[PDB]
J.: 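Dropping the structure in here first, questions after.
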Amino acid sequence: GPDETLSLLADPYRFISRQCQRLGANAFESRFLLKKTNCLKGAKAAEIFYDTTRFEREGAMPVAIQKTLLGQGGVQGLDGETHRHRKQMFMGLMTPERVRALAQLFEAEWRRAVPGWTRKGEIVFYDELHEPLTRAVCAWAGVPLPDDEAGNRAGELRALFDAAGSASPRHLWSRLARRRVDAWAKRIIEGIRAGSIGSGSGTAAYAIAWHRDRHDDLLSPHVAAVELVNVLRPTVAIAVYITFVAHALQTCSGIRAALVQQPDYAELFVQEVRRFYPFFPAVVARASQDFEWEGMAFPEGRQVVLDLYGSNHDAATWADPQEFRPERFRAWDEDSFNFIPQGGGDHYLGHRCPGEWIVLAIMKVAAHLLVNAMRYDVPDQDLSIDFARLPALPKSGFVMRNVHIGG
Ligand code: HEM
Ligand SMILES: CC(C)Cc1ccc([C@@H](C)C(=O)O)cc1
């Protein structure tokens with residue numbers, strides 16, 4: 001078959017579901033770079049993708065991603081009992097109490113940032129979110145962050161994910177940002193271990209610095225650093241979802257009113273933001289043994305990609321996936337495979353995002369502040385979603401004018 005790396009890169013979110021629609025199937029064989037790849041979409045495909053007797057992650061992460069978005073040696077590249085033991089370290093962080101504490105820190109940081117936004121007169125909303133998130137998550141995680149370094153650290157964390165999937169000199173900045181953030185996080189881990197940094201026993205940095213692997217050994221300092229970044233970085237990336245929350249409030253009639261008046265609505269709304277908007281395009285794994293599924297061959301070693309966006313827009317599951325309708329979540333049965341913006345399956349037994357509770361809690365804070373606290377004007381701008389960008393964003397970045405929180 002032809003190599004279609006370029007076709008995929010031009011339409012990273014929609015390429016798979018578009019081909020699926022043309023072929024009338026939920027799976028097709030393709031090729032990206034050197035590797036024949038089976039592309040999968042939908043609930044049944046997600047269920048097989050998360051079967052760890054048939055799929056492994058070892059060696060599926062590209063070098064370019066190790067050097068930017070994810071780092072080297074982290075939980076994403078692990079399988080089996082080694083993976084599950086490392087995953088438990090992240091899950092232990094996510095108690096209702098700790099998630100609430102992070103949400104509260106983020107509201108405080110958002111409120112702290114508003115006067116700056118007022119004084120600026122006009123802001124790019126997306127651009128302004130990274131720093132308050134950075135401040136909140138570092139405080140929550142037990143990571144010291146001097147006031148005069150917060151801006152710079154926020155830019156470096158942003159560069160790991162916002163510049164990672166950019167085929168421009170921005171990728172070179174992403175690589176440098178990765179080297180810097182690893183060295184910084186490593187100094188944090190070392191200081192905790194030496195006792196020079198007093199992170200509390202409940203905090204992410206403490207848990208990661210003192211984690212013991214399956215042989216009762218501490219993580220090497222570089223791996224501990226990478227895992228700490230695996231908490232800090234994607235929390236800052238919630239800027240993307242917060243921007244989409246603002247976008248939905250601006251472009252979908254009746255949403256603001258429903259959020260204002262109906263109490264149970266916020267939960268439905270943030271879930272629909274995660275379903276509707278493109279963010280994490282797709283996940284990659286490798287077949288661990290020969291098998292056949294739905295008449296498709298999966299030879300041992302075959303690269304397989306699971307299309308998250310397409311799955312979240314599958315008409316078989318949702319009926320009218322093209323509409324933004326929070327109400328649809330009244331009928332959801334909490335299935336582990338049919339709604340997968342942050343992965344599918346089980347959080348402990350597979351690679352599903354442990355950050356979901358944090359994401360939901362922070363999106364709820366954002367929705368609350370944007371409807372009940374913030375006042376802002378939205379000038380004429382290009383609000384259309386850039387499906388060519390990784391991560392996707394409204395083309396304008398969501399521009400606000402005359403922002404205040406006292407009214
Ligand atoms: C900002 C929005 C976020 C999105 C769209 C997102 C999405 C995802 C996806 C799709 C995966 C991969 C699932 C798989 O490989 O099968 C993942 C994994 C992961 N996420 Fe998130 N996530 C977000 C936020 C967060 C947050 C706030 C945290 C903080 C702890 C986090 C931590 C992780 C970690 C450590 C993994 C690797 C888990 C593993 O491999 O077992 N994520 N996420
Ligand atoms: C770089 C591409 C693959 C898109 C992308 C994936 C994940 C994130 C967040 C959730 C993160 O993990 O930091 C941000 C962007």
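Computed over heavy atoms, backbone and side chain alike; hydrogens, waters and symmetry mates excluded. Numbers for residues simply follow the sequence, beginning at 1.
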J.: Only one of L160, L70, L69 passes side-chain contact (heavy atoms from CB on, under 4.5 Å) with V229; say which it is.
T.: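 That would be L160; it is the only one of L160, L70, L69 passing the side-chain contact (heavy atoms from CB on, under 4.5 Å) with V229.
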J.: Looking only at the aromatic ring of each residue, does the gap between the centers of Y50 and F55 stay below 6.0 angstrom?
T.: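 Centroid distance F55-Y50: not below 6.0 Å, so no.
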J.: Do the two ring centres, one from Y126 and one from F398, sit under 6.0 Å apart?
T.: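 Between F398 and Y126, which both carry aromatic rings, the centre distance is not below 6.0 Å.
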J.: Ring centroid separation for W318 and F329, is it under 6.0 angstrom?
T.: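 Ring centres of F329 and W318 closer than 6.0 Å.
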J.: Are the charged groups of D127 and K120 less than 4.0 angstrom apart, N to O?
T.: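 Here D127 does not pair with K120 in a salt bridge, since their nearest N and O are not under 4.0 Å apart.
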J.: Taking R330 first and then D264, would you say they form a salt bridge - that is, a charged N and a carboxylate O separated by under 4.0 Å?
T.: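 Yes.
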J.: Can you name the side chain to side chain donor-acceptor pair (under 3.5 Å) partners of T37, sequence neighbours left out?
T.: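 Scan of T37 (side chain to side chain donor-acceptor pair (under 3.5 Å), adjacent residues dropped) gives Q303.
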J.: If you measure from the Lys or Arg side-chain nitrogens to the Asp or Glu carboxylate oxygens, is any gap between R274 and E356 under 4.0 Å?
T.: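 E356 and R274: salt-bridged.
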J.: How about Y277 and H247: are their ring centroids closer than 6.0 Å?
T.: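 Yes, ring centres under 6.0 Å apart.
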J.: Please determine if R100 and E97 form a salt bridge, counting it only when a charged side-chain N lies under 4.0 Å from a carboxylate O.
T.: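 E97 and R100: not salt-bridged.
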J.: Does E272 come within less than 4.0 Å of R325, counting only side-chain N to carboxylate O?
T.: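 So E272 does not pair with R325 through a salt bridge.
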J.: Does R187 pair with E190 as a salt bridge, N-O distance under 4.0 Å?
T.: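 A salt bridge is absent here (no side-chain N lies under 4.0 Å from a carboxylate O).
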J.: Aromatic contact between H347 and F90, with the criterion being ring centroids under 6.0 Å apart: yes or no?
T.: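 Between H347 and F90, the centre distance exceeds or equals 6.0 Å.
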J.: I'd like to know if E4 and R31 make a salt bridge, using a cut-off of under 4.0 Å between side-chain N and carboxylate O.
T.: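 No, no charged N to carboxylate O under 4.0 Å.
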J.: Less than 6.0 angstrom from the centroid, inside 45 degrees of the normal: does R233 satisfy that with respect to the ring of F161?
T.: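 Not satisfied by the 6.0 Å and 45° rule.
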J.: How about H85 and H211: are their ring centroids closer than 6.0 Å?
T.: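 Yes; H211 has its ring centre under 6.0 Å from that of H85.
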